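Take a look at the structure below.
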Amino acid sequence: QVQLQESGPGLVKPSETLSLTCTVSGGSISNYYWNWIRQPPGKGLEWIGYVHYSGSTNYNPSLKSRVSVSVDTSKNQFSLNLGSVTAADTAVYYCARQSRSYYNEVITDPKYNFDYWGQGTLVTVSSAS
Amino acid sequence: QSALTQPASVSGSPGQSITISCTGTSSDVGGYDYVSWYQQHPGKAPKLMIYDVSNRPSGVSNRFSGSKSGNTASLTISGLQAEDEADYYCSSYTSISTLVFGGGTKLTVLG
Amino acid sequence: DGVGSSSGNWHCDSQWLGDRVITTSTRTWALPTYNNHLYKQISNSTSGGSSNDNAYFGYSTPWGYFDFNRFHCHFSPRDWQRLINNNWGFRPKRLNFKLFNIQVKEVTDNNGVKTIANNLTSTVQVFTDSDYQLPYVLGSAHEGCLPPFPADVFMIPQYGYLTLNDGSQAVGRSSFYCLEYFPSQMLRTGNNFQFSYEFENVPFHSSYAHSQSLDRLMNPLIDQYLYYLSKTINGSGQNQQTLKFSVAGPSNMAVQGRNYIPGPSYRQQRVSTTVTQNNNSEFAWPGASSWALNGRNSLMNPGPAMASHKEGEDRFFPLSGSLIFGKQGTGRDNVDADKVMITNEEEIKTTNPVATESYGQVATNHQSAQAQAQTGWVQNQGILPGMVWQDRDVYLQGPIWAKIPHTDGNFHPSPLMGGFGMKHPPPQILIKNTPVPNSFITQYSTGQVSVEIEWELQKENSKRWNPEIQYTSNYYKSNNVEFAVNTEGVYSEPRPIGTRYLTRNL
Amino acid sequence: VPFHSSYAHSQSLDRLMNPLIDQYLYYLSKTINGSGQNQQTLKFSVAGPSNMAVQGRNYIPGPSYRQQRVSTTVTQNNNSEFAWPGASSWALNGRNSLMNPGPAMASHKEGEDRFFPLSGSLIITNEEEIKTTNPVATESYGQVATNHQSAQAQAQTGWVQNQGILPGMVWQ
Amino acid sequence: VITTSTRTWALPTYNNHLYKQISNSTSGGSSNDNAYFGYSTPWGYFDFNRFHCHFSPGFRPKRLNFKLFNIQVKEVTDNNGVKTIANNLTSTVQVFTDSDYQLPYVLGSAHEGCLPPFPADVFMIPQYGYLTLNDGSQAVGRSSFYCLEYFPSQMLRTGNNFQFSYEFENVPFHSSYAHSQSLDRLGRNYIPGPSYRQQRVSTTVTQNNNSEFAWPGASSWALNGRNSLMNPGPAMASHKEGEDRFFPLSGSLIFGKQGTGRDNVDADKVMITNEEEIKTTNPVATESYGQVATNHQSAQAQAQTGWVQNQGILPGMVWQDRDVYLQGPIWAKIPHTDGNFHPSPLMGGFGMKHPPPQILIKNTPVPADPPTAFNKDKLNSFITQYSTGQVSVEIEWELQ
Amino acid sequence: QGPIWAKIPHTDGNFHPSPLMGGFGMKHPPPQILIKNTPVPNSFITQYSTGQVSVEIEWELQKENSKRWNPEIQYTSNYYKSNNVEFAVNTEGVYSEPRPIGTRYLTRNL
Amino acid sequence: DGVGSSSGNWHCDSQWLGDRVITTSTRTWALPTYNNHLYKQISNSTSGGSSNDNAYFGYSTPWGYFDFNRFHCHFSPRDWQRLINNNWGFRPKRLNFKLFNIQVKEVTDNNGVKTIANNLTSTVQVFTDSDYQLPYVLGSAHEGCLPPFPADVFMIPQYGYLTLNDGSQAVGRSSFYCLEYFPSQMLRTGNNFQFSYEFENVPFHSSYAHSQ
Amino acid sequence: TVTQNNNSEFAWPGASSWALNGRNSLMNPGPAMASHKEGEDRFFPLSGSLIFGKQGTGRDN
């Protein structure tokens, strides 16, 4: 039983950096690829990017400039840092886990099908308090 | 990249097979057999119904099935029930090794 | 022979020779003194026994006994892998038991501190029941067996037994047993004890999963010459009765005539491991399949061998249907679901009905012009001629043998918790500290035990083209190696391991 | 032929355990935390001497075909003619045949000797010697679940009146 | 008694010498109960499993002998617009027996394609294919695939022959008698055999209910979520004495009359057998087994009973098996399992753990002209071809 | 899918002749087998031949002696639900090999 | 021996015996006629060979060769699993080759349609190079080996070889080889060909991964 | 992943080769060497690792 939990501030003022952490419990980070997905309320999913314990990352081309994803193997948690946010960045942020690959035979990049998911956290980007 | 294109909603009567489709460009969908389908109940995280175009994980019934023709992949739900109403998303691996999702599709069970 | 000469060596290893395996296990044990050398009556009312179904009467004895009746006693995880990946079947042949390097200690409190030293004249009594005259408690899946990991030292269990009762009181037909009435051997610190046993002929425990399902045995390309009744009416209207017939063929496989039917069922309730989709009421006992004997209700556990769940439903398990093991370091009462490990019997679904499903239907009446056809669900089905079934699987943690109760008759004596049923199983080995004087010297003994079982193998002959499923270890990097001790030195078994990986045709 | 058994078991089928020791097996103790809404849980506990009913057992009692229970005290018995309608029977080629004596079953529960199976005894001998391995002729073999429980459905059971042979049965 | 037969066979070439996945979806889909997954092979096989193969219009088989000879390989072309059937002498035919029972055994399902009952007929050899584990139409990881090429086989040109002898394992003599007496007419020491009730259907349509109950009213057993009709089922008497117009819905074998249609044919085109011979020791298929007490009587409680719709084995039962028919099967293979009870197959005949082996045959593919420049792909271009020859099978029977 | 043997080139010297694409280097590998259609008459009859070939190799094995306690990594097929069984033919009858399979799973001490 | 008597049976299977494995594979092959029976010079400039690194000079011959160098020739996937999961090392010992049930066909276009029929007098030439005098092309991981699946019929590859060159031109040290100069065996539709080989002693391939 | 790789045609111009009699041969597969560091699945060493085609793979590009 692997459980993911997102945590972080629920409110972010525009043009400030957004930060979230997912803490995996029951299972270690291991060789898995950790992903961030966001769903704007009433709209479709969108993939932010992933991180790997080797420090490898891959980002969404539209967000590639202002986004960063970090991993901490010691604390068993990985993070999301999204800079220069606007109101278009209000969404529910999920952390997910790329499905385990049963074969070590070939060298390939990960193909994304998610095995586990966090519950998600709502993050509102607004000027008001 | 450009998102995958889906019908906004599809409905059917319980017991009747239903087919949802997602259209993608040659590079993103047409190009590789890596298309996933997720159902999301309201307020829940998406669940993986189908991966690698036609494969399905342990824990998913026969009733869910998927197929691919050209630039369009389709999800088929046979003998659908009440619990089968949710939002279904098409996911695809792209040429530059990025993930792209469909717009989402809402399935309504008439009754 | 002497106090300064060791009476036996340390043998642990496995020899894989052809069709046979020889597994030797040697453990270090410690035996205390139980009940201060006093046979004592025990019953439920001593603890209050508020339930009639819980009523028992029996005795607790000073003697200890050795129990090697679990598999991880004799097999390392690696050796268990070699067994299950390469073999269709196995079964024990010979047993060889040795007890040596006995040491006795005397416990004294001098001033405020405790003192222990060698008592070189003390003896230990040990005997085997080879006529099977004592109550046989080994086949009850009890705790206290030799440890899975050889570097652990374990505490011999205290022997005991039960007999007839009415409520908590005994009856005129009840029995009592003095183990001292059995001739036993007495051992000083230079003596050693050994004997050899011969397993009676038993069937190989099948360790494979069928690659065909009982209802798919047909040729998919050819019709059957047999006919079935396709239509009882021509269409909608009045007085439409008809009889139509069709060939049973590939287009409709449900109705074909078949030579064999799945094994018996006794239905279990179905529990989901996702709690929110479980009824919000306490149904652990009220909703459970049971059998009544002499006015007492016993839970049906694990029960007949039946598949755990339908294909595609992995979150469902029979309420009392399967064997549940605890994870290392799990509390005795009311632990969480994650702590326990629930085994599943999905491999035997090809021939056995699903434990949570009705066996089928039967017609409940005679149809007529005034009466529609009526059916009802078969919740339990005894044996019918032409049934086939698979037994329950054996696990690294599970029992090996049981003793077939001595009765006028039995059917398919194979035990329900898995393993090899035997009328003369490996005999019980009883042991105690000889009392040294109702005031005695506080005393305990320790020593070694080695056990050697010879297993016969059934090799895998299959012509299957594509590669098998095999038991393997995932290559993911983790904090601790599976089936190995952690930083604090605790050995643990991460999951239950079944025997069924290779396949056969049905 | 086998030697006829002329002895009574000192043990009962369900009591074969060692009373001093726990099993390593677990069972399902609690399905809810407490009273309220959304209390579902799964709790497990070791089967041990404290609760002996729920232990896993290697063998099970023999088959049963239930007989109607009749008291020697006329007052206790129903005031009606149940001699033929009441009696268990098996049908062959349209002809009903009373089941006599029937399969071997304990004549009566322990503690009630005034009751005897209607057609189940040789006439009145009592079979109570075999109540260790065999079910009572007047009792149900046990229960089985009749449905799938769910969030909307409570667990339901039903009484097994007759039971055929199962693997792992012993009987006298 | 020694029976001998001989026939002439014609073996086509299936799927251009190719193994092909077949499934529920391959055949058009739509039913979970009917879902299947498997393969079809280029191979054909011989099936003599019906009695009328060995017989002209207590006993049990003992020995078997099989011969295959007079091999003739025809090659077919289209020259202009006409087809030309020429002998090909150099070509071969491959045959092997599976005597280790390593392949799926399809001979026990009462299939068509048997040797014909009339010794002068020429029959087509049916195709070999098998089913494996499925989930819906899809296959699971445990499913297996067999390449029959991976067995050693004997290759036969036109002068070559093939023979082997088989030995039946000891089985009980089939009973071919009806007891003069009945169980209850002999307090009783024995009780009749087990029952699983079938719905009752009358050959007079006006008697039967005016509703569609072919599947709904049918006795079924569920396995892994798939319902299967109980057919023919346990051995039971077809009807009570005096009613011959009723028959158990799925409870009896049904054969077709000569030239009978495949679908939705009326009752006069098919022969519905009756088992009434066994009604002495066995319960009637459409009747309950008996009645049992459902409660404890008391001053306040009348005695209540209920009907036994199905009954498993009880100590002291006796029963008769299902009868064999000149059109019926001979043997079946006992599935390889931990345990079974009274393995005699339900459609009748002799159950065996090592039944007569399967015999597999195909025309060795002969390629057409390859190109003159090297290419790595496999050859899909072959000479249209089929073969024919003679099949003789001998069985020594023992009588009581 | 890989090669089995290679022929060690015939030279004055070599070091660790084991071939670089893998397999067993040999100075006298299995010999070449050459074949042709005998010409039947620069104008000939257009002609081709067909037949069978059988080959039998005897392989010697080195058994695994290890004392490792915990279970090995093994090559296994996952329990999956897919349209096609791995290492088998599809509906059109085409055989395929899903992934390259290496030889190295069991372990040894260094 | 005869036109109507088969010259050999079909053997495919593996026998696992103790420390040894015996893997037998039998395939159906088809051999065309290459280069219209003509040894032909080939070089890069024929295709233009624009790169100097690509420059070659050699010959293409009418012959064909049987290639079974790849592993899936001899092992099914299942048998490959049994090998790699249970064994630390392996190596070949003996080789046994058989060629039988030869059939020759003649191709004719009659009117507008093509015709093929048995030629019972035709022969096939087959020989092994056991002195290793010919250029050895097997060890270059080339295509044309027996198909992994036994139910496929395959096309024998056309033999060829290269020799020294400077650019696309040959040199005085270059060589030429006429395979007809080798004594070979000739086979009619009743003949069959076989020989046995002995692998030289080689080290076990190490099918294991270090744990340290 | 293609985005990490440099945006230039370095397929031949960046490859390890050996020269013989004035001709450059690519070094393939070359000496036996591990394909990548631990935890670096994406990277492959150019000509260093054997590459097989899947069933039905096109001959060129």
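Chains as they are written, first to last, in the numbering used here: chain A, 94 to 222; chain B, 2 to 112; chain C, 86 to 591; chain D, 108 to 279; chain E, 5 to 404; chain F, 194 to 303; chain G, 5 to 216; chain H, 10 to 70.
Heads up, the beta-carbon is just placed ideally off N, CA and C, and yes, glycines get one too.
Whose Cβ in chain F lies nearer than 8 Å to the Cβ of residue i?
| i | result |
| --- | --- |
| residue 175/G | Those within 8 Å of residue 175/G in chain F number zero; the least Cβ separation is about 19 Å. |
| residue 55/B | 275 and 276 |
For the beta strand (DSSP E) holding residue i, just list the boundary residues, first then last.
| i | result |
| --- | --- |
| residue 219/E | Careful: residue 219/E lies outside any beta strand (DSSP E) and carries neither H nor E. |
| residue 91/B | 88-94 |
| residue 368/E | Segment: none, residue 368/E is in no beta strand (DSSP E) and carries neither H nor E. |
| residue 490/C | Counting along the chain, residue 490/C falls outside any beta strand (DSSP E), and DSSP gives it neither H nor E. |
| residue 355/C | 355-357 |
| residue 52/H | Note, residue 52/H: premise wrong, no beta strand (DSSP E); not H, not E. |
| residue 137/D | 133-139 |
At what residues does the alpha helix (DSSP H) containing residue i begin and finish?
| i | result |
| --- | --- |
| residue 164/C | 162-171 |
| residue 129/C | 129-132 |
Report the neighbours of residue i on chain F: residues whose CB is nearer than 9 Å to its CB, in chain order.
| i | result |
| --- | --- |
| residue 25/E | 276, 277, 278, 281, 282, 283, 284, 285 and 286 |
| residue 38/H | 213, 214 and 215 |
Could you name the residues that DSSP lists as bridge partners for residue i?
| i | result |
| --- | --- |
| residue 77/E | 391/E |
| residue 13/H | Residue 13/H pairs with nothing; no bridge assigned. |
| residue 198/G | 102/G |
| residue 1/B | Outside the shown range of chain B, which is 2 to 112, sits residue 1/B, and nothing can be said about it. |
| residue 64/E | 402/E |
Apart from the five residues on each side of it in sequence, which residues of its chain come closer than 6 Å, Cβ to Cβ, to residue i?
| i | result |
| --- | --- |
| residue 163/D | 132 |
| residue 152/G | 76 |
| residue 233/D | 214 |
| residue 117/E | 51 and 130 |
Can you pull the chain H residues whose beta carbon is under 8 Å from the beta carbon of residue i, in chain order?
| i | result |
| --- | --- |
| residue 195/F | 59 |
Here's a check: name, in chain order, each residue in its chain whose Cβ is nearer than 8 Å to the Cβ of residue i, leaving out the five neighbours to either side.
| i | result |
| --- | --- |
| residue 86/G | 20 |
| residue 163/E | 75 |
| residue 351/E | 114, 236, 257, 326, 332, 333 and 336 |
| residue 222/E | 203, 233, 234, 253 and 254 |
Mind pulling the chain B residues with CB within less than 8 Å of residue i?
| i | result |
| --- | --- |
| residue 400/C | 60 |
Please list, in chain order, the chain G residues whose beta carbon lies closer than 8 Å to that of residue i.
| i | result |
| --- | --- |
| residue 32/H | 56, 57 and 59 |
Interface residues of chain F around residue i at Cβ under 7 Å?
| i | result |
| --- | --- |
| residue 127/G | 231 |
Ordered along the chain, which non-local residues of its own chain (more than five positions away) have a Cβ less than 7 Å from that of residue i?
| i | result |
| --- | --- |
| residue 159/D | 124 |
Just to make sure I have the definition right: I need the residues of chain C whose C-beta is within less than 7 Å of the C-beta of residue i. Which are they?
| i | result |
| --- | --- |
| residue 216/G | Correct list: empty, because the minimum Cβ distance to chain C is about 14 Å. |
Residues of chain E with CB under 7 Å from residue i, in chain order?
| i | result |
| --- | --- |
| residue 159/G | 374, 378, 379 and 383 |
Which residue spans inside the stretch 183-253 of chain C form an unbroken beta strand (DSSP E) run of at least 3?
-> 198-203, 209-214, 238-240 and 243-248
Whole runs of the beta strand (DSSP E) within the stretch 6-77 of chain G, excluding any shorter than 3 residues | 17-21, 24-35, 44-47 and 61-69
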